[PDB]
Amino acid sequence: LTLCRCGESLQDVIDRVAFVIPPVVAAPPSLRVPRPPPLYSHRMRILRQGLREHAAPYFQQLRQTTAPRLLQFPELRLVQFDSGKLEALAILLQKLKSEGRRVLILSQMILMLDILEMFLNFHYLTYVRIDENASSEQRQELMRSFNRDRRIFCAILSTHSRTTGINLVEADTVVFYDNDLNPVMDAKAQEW
Amino acid sequence: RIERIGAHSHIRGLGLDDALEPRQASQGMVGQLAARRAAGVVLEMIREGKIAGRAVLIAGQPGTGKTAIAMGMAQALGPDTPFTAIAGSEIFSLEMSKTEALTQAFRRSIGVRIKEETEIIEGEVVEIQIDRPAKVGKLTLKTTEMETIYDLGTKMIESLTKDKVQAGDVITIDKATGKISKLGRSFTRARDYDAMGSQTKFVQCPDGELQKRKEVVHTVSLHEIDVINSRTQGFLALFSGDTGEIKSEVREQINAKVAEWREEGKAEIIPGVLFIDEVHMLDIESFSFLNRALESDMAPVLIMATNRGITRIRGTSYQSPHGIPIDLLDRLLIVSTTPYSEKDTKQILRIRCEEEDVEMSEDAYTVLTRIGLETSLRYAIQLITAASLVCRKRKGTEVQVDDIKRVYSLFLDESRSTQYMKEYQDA
Amino acid sequence: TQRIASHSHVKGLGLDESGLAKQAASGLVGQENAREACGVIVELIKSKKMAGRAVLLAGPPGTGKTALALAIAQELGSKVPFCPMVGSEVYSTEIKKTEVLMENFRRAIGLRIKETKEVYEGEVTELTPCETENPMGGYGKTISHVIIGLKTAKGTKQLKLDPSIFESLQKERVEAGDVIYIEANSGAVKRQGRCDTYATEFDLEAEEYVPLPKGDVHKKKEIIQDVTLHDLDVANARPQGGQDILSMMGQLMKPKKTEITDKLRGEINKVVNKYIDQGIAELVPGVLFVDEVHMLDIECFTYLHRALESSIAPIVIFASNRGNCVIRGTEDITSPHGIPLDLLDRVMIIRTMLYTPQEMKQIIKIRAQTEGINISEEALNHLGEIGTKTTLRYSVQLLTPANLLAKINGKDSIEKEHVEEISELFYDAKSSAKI
Amino acid sequence: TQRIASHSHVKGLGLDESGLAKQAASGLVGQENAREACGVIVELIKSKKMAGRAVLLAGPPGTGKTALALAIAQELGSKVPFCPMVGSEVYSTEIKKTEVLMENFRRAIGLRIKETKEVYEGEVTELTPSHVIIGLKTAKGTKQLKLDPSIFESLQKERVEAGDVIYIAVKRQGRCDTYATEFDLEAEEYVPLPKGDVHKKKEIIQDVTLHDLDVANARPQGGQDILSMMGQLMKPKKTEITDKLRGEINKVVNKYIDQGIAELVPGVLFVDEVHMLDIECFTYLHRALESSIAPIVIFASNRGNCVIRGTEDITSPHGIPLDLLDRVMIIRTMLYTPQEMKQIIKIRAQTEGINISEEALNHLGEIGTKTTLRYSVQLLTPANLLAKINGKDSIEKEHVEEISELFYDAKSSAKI
Amino acid sequence: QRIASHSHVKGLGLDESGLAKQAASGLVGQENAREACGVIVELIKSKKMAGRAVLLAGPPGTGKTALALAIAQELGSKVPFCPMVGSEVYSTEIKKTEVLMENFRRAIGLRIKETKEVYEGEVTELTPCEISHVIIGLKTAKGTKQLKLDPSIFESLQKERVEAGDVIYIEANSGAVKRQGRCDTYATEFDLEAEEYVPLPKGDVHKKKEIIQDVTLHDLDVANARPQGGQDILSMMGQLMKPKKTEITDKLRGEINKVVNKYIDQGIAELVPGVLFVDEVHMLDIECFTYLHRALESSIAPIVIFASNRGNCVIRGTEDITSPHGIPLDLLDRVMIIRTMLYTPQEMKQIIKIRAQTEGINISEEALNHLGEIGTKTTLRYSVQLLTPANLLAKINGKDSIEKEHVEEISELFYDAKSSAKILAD
Ligand SMILES: Nc1ncnc2c1ncn2[C@@H]1O[C@H](COP(=O)(O)OP(=O)(O)O)[C@@H](O)[C@H]1O
Ligand SMILES: Nc1ncnc2c1ncn2[C@@H]1O[C@H](COP(=O)(O)OP(=O)(O)O)[C@@H](O)[C@H]1O
Ligand SMILES: Nc1ncnc2c1ncn2[C@@H]1O[C@H](COP(=O)(O)OP(=O)(O)O)[C@@H](O)[C@H]1O
Ligand SMILES: Nc1ncnc2c1ncn2[C@@H]1O[C@H](COP(=O)(O)OP(=O)(O)O)[C@@H](O)[C@H]1O
């Protein structure tokens, strides 16, 4: 029969085991290895025969080998929870998608662009990022791919490039995530 | 639905008022206003959970309702809060030390409600056209207010092939992992196949096409340590008691990550209760451990019951009240249960009869209350059952005096057993 | 092989329709009040309304406590389970005492689980009637239905099954002429094997040819399986299916009987209730006869008088033979019947008086009858007299040896001389005490 | 909020610049000589020069020896490990008792090691194979790594579009590449392309204890040979041998130290309830304390002259034999006075979040000096709940009176 | 040689007529116990009786263990002799009765007579034909030939990584192993391969010799207590409990006895019952004595020698029953008791001189007298222990032999049980 393995009402056991895995081994080393400068042929042959015998039943595969955990990466939730700006952005994007309007996210730091990328991936919102690294023609190609493609929801810009290549707008919704208050940057930014 | 009424089934909560004022008879309890008010206030403290490591000792003569008030508190606490009931002799395991069993029992009555944001797409599969090469596929989900077609990927197509999903099936696909979860069907299957007959489930939510922030609160106890001690944990979480895991890197690390989750809003701690019935059976080492284990922040509320006065502590020679060392006994506060009077006994017997669905005359109630005040209460309930059975056999409607008096001679009490025991059967 | 046991004459409490007691009570004689109490408690059990109730069969040795216990057990019938246990069995070196007690309690509880499955079988004649391509799309070649010509011993019946099953058909070697095991709802095909009609004597192969099915193609097989709650506990305890469990060294130690309360209670109880209220199973609480209860440690009684408090605990029939004795595991703590005074308050004591010499004679005679050996009046009187002198169980043991002595001496019936000679060849402990 | 504990009110010894024990500070109150001795002990610990020393905080019940040791731990800091232990913890059914105490001594010691880990991250562009020439692509550039066969992945780990992060000794399939536009609905979830360079070395200053390395080298779980997986397949256990305990471990730790790779961090081991240990534990502690590698141990005994467990024949002071009781310094804590009792009650009420009136505080102090201080401490919360139910924000004398009437102390229950 | 406590005991010291000499073969005095030992040793050599028991009872330091070692030496290594101690029975993974039965089985030995022959051959000549028939070449330092083998041997051979120019041993009945190199691997100048090479073997290509392997029934039991390896059942890892909990007697030990009897009737095996010397018998529990007085009654039990140092006392596990020699009257009876008497001062001095001669220490006349006096004062063992440091100090001081000064100084330096107890009253 099927059991819950815990106090929760109903949930997939796989999800149960995957949710709660805080601890990783403190300091697991490799196995010990005797080092006799001479290695007698008898013992080495016996060990090779044993290894061959143990490798023969490979049809099991040990079900992924159940290898230990040694990384414990941080949860993706923390990207949003770490900043209220990202929670407000999540609420705004959910509202806009319920309304069907695309969104144009404007940020100043490329690291903030990567943060926004991870955030949208946490929210599964398809996006197209246009930054300074991409050449003018590459920026125009990215903008063309964003345009006429209703499957792309968000567009992320750096606000530091010229951005004179953009031609058409999709939903007429912009979100100024960051404010610079710089002499020339903000002016031309808001202008275009 | 088929679960027989036990010895403590008559009680179904701790009768209390808005101001915590105890009542004469309510929720299956009778009399004992002091201990019942103590139970109510300790239950309020439990449901508060602001303080940790509090202990209460329920003392009194046998038959005073210690286990009764314990089960009443357990019931009044209700679900969503763990209540680990255990006997003093259960900590003695041949695969785990006493201290380890006590740690397991303490961490077992502590819960963490883990919040998880989910994004599930649901609807009616109008078209599941899949092009198998032996790669391409499209799913047409339909709702009561909108429709949408989704181009399926190779892995998604394979997953759909795993869990057979025919047209008209109500499914809830998780956009995070793509797990196929079928809930039912919206209509029959062509009315022509001479097989596969079932019932039709209601239509899906109108906005079920894409649920954005479906919040599911996964509740799990701090016994999750079993998930880490070994690569294969189900064996330990289900049957295997040989869980002598390493205390370091497991207890401390799990507690640290639980604190991190509480600080980051992922989960919230809900301390439960640990009820050790007949705690006097614990060895002095177990009491010494409870002395220190009761000081941790994750310590649940430790309710204990003792049916003795001055008695020797197990594992030593010297005696202490309630069989508990002076240290732990002084740490906790004791709730004494006063014996029940004749009226309370009669009312408890009547409540039990109502629970057993048995009826008896007034003279029967009187004589049975007399017998119970003389011998005991539990013996009075045994006589209730025996007389009800004798009446059923006699084809009567209610139990009269002639049935209780008959079963009184048919079944003997320990007081009369020891009287007839003068035949020196053995020693 | 009849293999007559020690005391098999007992067949039931033998109570009259009114519930009173009689002499010829289906093998067991005497013990009127005790047999009436046994009838009351067996009526209770049959009612299946109360749980966690215990009864104590206190009485001096030789009163036939185990006899009346087996009598009430037989009266209950093989329908409800009856798990006999002795206090010594609780002492286990691999599993704690309280968990053994809980496992025994679970065993005492029964559960009948029904299972009805509509399955179709018979020799297959596969054929796909060509149908126009999907009318919603373009043209081409499709299959809207797949007809399978299941032929059974009674006749033939073609089934126009769903076309999606065609994958299963091709998966297994389902060729025209073999027996397939179809499922109504699931639809999965499980080929049983070719028909024996094609099993030519010159073809060397086994497990591949099976006889034709007898009966209609559509068969609604109704099967009932009675398994105690402990069986389900054990089944859900250990794993099955891959996971490198085939190892010998690190896995052959199957005795992991250690069990936790979370799995025992909780999920198992909930699924049992779901099967009950849904109509898939019927709960059948049995009885747990625990003889030599005085042999249990105080750590066992302290858990018993807590498990009996549970609503799921079954009926327990304790049978203590000792008198006032120190509780095991305690420091000179004398209590009646070797049981703590706290547990005796939760058990109904059924007192059993000593058998009257006439009852001794009746028991000896009925045991001789069960054994199948005739005994003369004088021999029976001498047996009764010696059973009155010493323990009664000594006399019943003098029947078979006296019977063999008589048969070897050339006579059939057991004469007084035979029992007299056996009493000198074999004697009891009371006489052996003369060291 | 964080739920209150029994000793969450103590924040430290609260001593002056010269060690003078103030009447009340840092949550503690009274026990000036004891807190000065504890200041000297924490100075010893910070010295990191002596090894194997121990102290016994023997005193009457309720004096706060446990709270005192916890305040000591807090004052020392989180860096230096502080391992709490109960006397009953030594009794185990799978590991030898003296060996339990040994592993406790070991875990009590800390070790801060520095290591540089090379991490390989990026979307897998090529997965052609023993040695596998994998191709990782990132925002910076692409590199074809000549990775070893031991890292060859068994699970899906798609040859293309799979985001993988590897470090030298296991691989983690972070997520699928950002191809969310290729399909409208796919089971796989996506993450952005890693912006960091493929090959990067980061120095992590990880803090671990010596017992971690001990138990890890005891039953390692690394490597890839099938024999390893079969060994660690089931039934982990304990009882590391002494040859592996000492010897290789100490040598490698000293190597890391003298080479600047690691830094030793001596810790503390608080063996509470030492009064109920067997004579074998004491006999092993004799040689444990007499070791140049044993850490500082703080004992907290409560019994007086009683029979030592395991012998049930001979009695000794504090339930500890004289030969051992002399090896450990004695800290004599005195009982609190009614004034100090009321002061600590007020401190706990302030920490516990309970407002108590003057008359209520006086009644609590009286009940404390009469029955027990901890009894009144326990009665604190019930009185607050009673006040809440009655609608009173602050506790009054009547509330504590009713509470005491409901709950009977141990002494009163014994009188009955 | 690392002289031990019982090295000078190289025999029992009986003459041709059977009488015990006053001092011979390292033993001194104790004529009655030596005669009993020389009688029981002949009893053992008879190989006809079974389960007969002996008890070397006597005060401490009387040489009961010395007499046991003398019996063992006189018997010779051809028969098993299991030195056993009572404390050894208290095993944690095997029950005491089972450990005792395993020791009893070890005390029985059998010699397996077998004539094995080899078919060493060259691998370079490997030329199979049909996988159904294979031929291998023979090239040794004394001859060259060729053999014809069953394809099963070819399979077992190719299983090994054979290479041209290797020396392979092929047994006529079963088995095969590889020896790499025959003065050709180092010739090509290719580096090592984690293994050592060997030149071509001398002698004829086909060799035959008589084999006699001394194996005991316990070895057979241990070998049959496992699957023997081979297929996937060969799974073997660390912590394997080779000394398994127990092994049934009727279906496992009985089969071993049956096969041994069969091979003995066939003349292939020869039984040689040994001796089981259980020292410190008083340490065994009463539940051990009760099974011991019954197991030694079986038709297969070997001769068991006992030695109880302490006299009458409470039996182990009883705490109330007291019997002489710490052995219950049940087991005490049926066991031939050999009383050992105390040594006289002259016998003590003679034993000291023999110990000095054996260990190489040289003592003077007055030194020997003083050492014997110190011995008879407290015990002979104290003098035996002081003998070594006496010569050690003598060497340190530049003296070759021991003198009165050195013995007196070393006696004052150290202390004995009597002296220690005398000063322990402080
Ligand atoms: N207040 C009460 N109301 C109803 N039944 C009670 C009460 N107190 C005791 N009993 C009955 O007395 C018997 C034993 O008393 P219990 O409730 O276990 O208290 P204790 O633990 O002191 O024995 C039980 O069968 C229980 O039903
Ligand atoms: N009333 C009876 N009628 C016939 N035989 C009886 C009766 N009572 C006891 N016996 C006999 O007594 C023997 C054992 O009785 P048992 O149930 O073991 O009592 P106890 O367990 O107290 O010794 C049985 O073999 C049975 O034949
Ligand atoms: N010096 C102190 N200052 C403040 N509170 C104290 C002090 N000493 C003890 N306490 C209090 O007394 C209670 C019990 O002290 P504890 O450490 O358990 O004493 P012991 O160590 O003797 O058991 C603690 O909850 C703590 O609040
Ligand atoms: N007959 C003897 N001749 C010479 N040396 C002896 C003789 N008997 C005993 N010894 C010596 O005395 C010592 C006594 O040792 P041991 O036999 O163990 O004494 P016990 O009689 O207590 O077993 C032995 O080391 C042995 O060398």
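Residues numbered from 1 in each chain as written, not as in the entry; some residues may be left out. Chains lettered and ligands numbered in written order. Part of a larger assembly, values for the part shown. Heavy atoms only, no water.

*Asks:* Looking at this model, I keep getting lost on the packing of helix α10 (residues 358–370) of chain D against helix α12 (residues 397–406) of chain D. Mind explaining?
*Replies:* The description of two packed helices rests on the angle between their axes and on the distance between the axes. Residue and element names in this part refer to chain D. Closest axis-to-axis distance for the α10/α12 pair is 8 Å, and the angle between their directions is 30°. Classified by the angle their axes make, α10 and α12 are roughly parallel. Across the interface between the two elements, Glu359, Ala360, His363 and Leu364 of α10 pack against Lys397, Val400, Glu401 and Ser404 of α12. (Axes fitted to C-alpha atoms, helices over the stretch in contact; angles between N-to-C directions. Helix = DSSP H or I, 4+ residues; strand = E, 2+ residues; numbered from the N terminus. Parallel < 35°, antiparallel > 145°, perpendicular 65-115°, else oblique. Contact = heavy atoms within 4.5 Å.)

*Asks:* How do you make sense of a negative patch on the surface when you look at a structure like this?
*Replies:* Where like charges cluster on the molecular surface, the negative patch consists of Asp393, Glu396, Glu398, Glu401, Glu402 and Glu405 of chain D. In this fold, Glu396 of chain D is placed in the loop between α11 (373–390) and α12. (Patch = residues over 30% accessible without salt bridge, like charges linked within 9 Å, V, L, I, M, F, W, Y side chains within 5 Å. Areas by Shrake-Rupley, 256 points an atom, 1.4 Å probe, with all protein chains shown as cover. Salt bridge = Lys/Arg side-chain N within 4 Å of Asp/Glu carboxyl O. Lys, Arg positive; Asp, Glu negative; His and termini not counted. Charge placed at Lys NZ, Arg CZ, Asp CG, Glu CD.)

*Asks:* Honestly, the sheet that holds strand β12 (residues 269–273) of chain E in this entry has me stumped. Any pointers?
*Replies:* Paired through backbone hydrogen bonds, the strands of a sheet run either parallel or antiparallel to each other. All names here are of chain E. Ordered by their spatial adjacency, three strands build an open sheet running β11-β5-β12, and the pairing between neighbours is antiparallel. For this open sheet the edge positions go to β11 (207–216) and β12, each flanked by a neighbour on one side alone. Taken over all neighbouring pairs, the strand axes of this sheet differ in orientation by 25° on average, direction set aside. The pairing of strand β5 (residues 108–118) with β12 spans five bridges and is classified as antiparallel. Residue pairing across strands places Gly109 opposite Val272, the latter belonging to β12. (Pairing = 2+ DSSP bridges.)

*Asks:* What is the right way to read the interface of chain B and chain C from this model?
*Replies:* The figure often quoted for interface size is the accessible area lost as the parts come together. In this assembly, 72 residues from chain B lie in contact with 87 residues from chain C. Summed over both partners, the interface of chain B with chain C comes to about 6,900 Å²; 54% of that surface belongs to carbon and sulfur atoms. Looking only at chain B, the three residues that lose the most surface to chain C are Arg4, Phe239 and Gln425 of chain B, adding up to 13% of its buried area. There are eight salt bridges connecting chain B and chain C. The closest approach of N and O atoms between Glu167 of chain C and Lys164 of chain B, which form a salt bridge, is 3.6 Å. Where chain B touches chain C, the interface holds 30 residue pairs in polar contact. (Buried area = accessible area lost by both parts, 1.4 Å probe. Polar contact = N/O pair within 3.5 Å; in protein donor to acceptor, adjacent residues only side chain to side chain.)

*Asks:* Teacher, can you tell me more about the nonpolar core here?
*Replies:* What tends to happen in soluble globular proteins is that the nonpolar side chains get buried as a cluster. Ranked by internal contacts, the top residues of the largest apolar core, which has 57 residues, are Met360, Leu368, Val407 and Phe411 of chain B together with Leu57 and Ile350 of chain C. By residue number, the principal contributor to this core is helix α12 (residues 377–394) of chain B, which donates nine residues. Once you skip the residues sitting within four places of it in the chain, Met360 of chain B turns out to touch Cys353, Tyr365, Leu368, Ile384, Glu398 and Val399 of chain B. Among the nonpolar cores identified, the runner-up in size contains 56 residues, and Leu43, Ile69 and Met73 of chain B together with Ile354 of chain D belong to it. (Core = buried A, V, L, I, M, F, W, Y, C linked by side-chain atoms within 4.5 Å. Buried < 20%, exposed > 50% of the residue type's maximum accessible area, 1.4 Å probe, protein only.)

*Asks:* Honestly, helix α11 (residues 362–374) of chain B in this entry has me stumped. Any pointers?
*Replies:* Since the α-helix packs 3.6 residues into each turn, any two residues three or four apart lie on the same face. All names here are of chain B. With 13 residues, α11 extends 18 Å between its outermost C-alpha atoms, agreeing within 8% with the 18 Å of an ideal straight helix rising 1.5 Å per residue. For α11, the complete set of buried residues consists of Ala364, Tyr365, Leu368, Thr369, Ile371 and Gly372. Down the axis of α11, the sector holding all buried residues measures 165°, keeping them to one side. Across from the buried face of α11, at angles greater than 90 degrees, the exposed residues are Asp363 and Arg370. Close packing links the buried residues of α11 with α10 (342–356), α12 and α13 (401–410). (Expected span 1.5 Å × (residues − 1). Arc of directions from axis to C-beta.)

*Asks:* What is the right way to look at the site of ligand 3 in this model?
*Replies:* Residue and element names in this part refer to chain D. Taken together, 16 residues lie around ligand 3, and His9, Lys65, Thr66, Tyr336 and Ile344 are the ones closest in. Within the backbone of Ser6, one N or O atom sits 3.0 Å away from an oxygen atom of ligand 3. Between ligand 3 and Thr63 there is a distance of 3.3 Å, counted from a nitrogen atom to a backbone nitrogen or oxygen. Protein chains bury 95% of the 560 Å² of accessible surface belonging to ligand 3 in isolation. Put simply, the parts of the chain that give the shell around ligand 3 at least two residues each are β2 (28–29) and α2 (65–76). Of all the elements, α2 adds the most residues to the shell around ligand 3, at three residues. In terms of residue class, the shell around ligand 3 is made up of six nonpolar, eight polar and two charged. Lining the shell around ligand 3 are residues from two domains, each supplying at least three of them: domain 1 (1–107 + 217–335) and domain 3 (336–416). (Near = heavy atom within 4 Å. Nonpolar A, V, L, I, M, F, W, Y, C, P; charged D, E, K, R; others polar. Domains from an automatic or database assignment.)

*Asks:* Just checking my understanding: could you explain the domain arrangement of chain D for this structure?
*Replies:* Residue and element names in this part refer to chain D. Segmentation of chain D into domains returns domain 1 (1–107 + 217–335), domain 2 (108–216) and domain 3 (336–416). For domain 1 and domain 2, the distance between their C-alpha centres works out to 40 Å. Listed by partner, the interface residues are 28 residues for domain 1 and 16 residues for domain 2. Between domain 1 and domain 2, a total of about 1,900 Å² is buried, with carbon and sulfur atoms accounting for 54% of that surface. Taken together, domain 1 and domain 2 are joined by two salt bridges. Put simply, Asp214 and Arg106 hold a salt bridge, and the shortest N to O gap is 3.3 Å.

*Asks:* What exactly am I supposed to notice about a nonpolar patch on the surface here?
*Replies:* The grouping of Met109, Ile110 and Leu111 of chain A at the surface amounts to a nonpolar patch, some 280 Å² of accessible area in total. Since its relative accessible area comes to 35%, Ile110 of chain A is described here as partly exposed.

*Asks:* I tried to follow the side chain of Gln11 of chain A on my own but got confused; where do I start?
*Replies:* For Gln11 of chain A, the location among the structural elements is in the segment before α1 (13–19). When neighbours within four sequence positions are excluded, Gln11 of chain A is seen to be in contact with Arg16 and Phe19 of chain A together with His218 of chain B.

*Asks:* Before we go on, may I ask you to explain the packing of aromatic side chains in this structure?
*Replies:* A ring pair, where both rings are aromatic, is described by two values, the distance of the centres and the angle of the planes. Summed over the entire model, instances satisfying the criterion amount to seven aromatic pairs over all chains. Judged by centre distance (6.2 Å) and plane angle (25°), the rings of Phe105 of chain D and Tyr284 of chain D are stacked. Here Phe105 of chain D and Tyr284 of chain D have matching classes, each one buried. With a centroid separation of 4.5 Å and an interplanar angle of 55°, the aromatic rings of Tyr186 of chain E and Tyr197 of chain E are classed as tilted. Here the residue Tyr186 of chain E occupies a position in the loop between β10 (176–179) and β11, and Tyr197 of chain E occupies one in the loop between β10 and β11, the gap between them amounting to 11 residues. An aromatic cluster of three or more residues is present, and its members are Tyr186, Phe190 and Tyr197 of chain E. The residue whose ring lies beneath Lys266 of chain B is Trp261 of chain B, and the NZ or CZ to ring-centre distance is 4.0 Å. (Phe/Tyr/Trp six-rings, centres within 6.5 Å; stacked < 30°, edge-to-face > 60°. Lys NZ or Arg CZ within 6 Å of the ring centre and 35° of its normal.)

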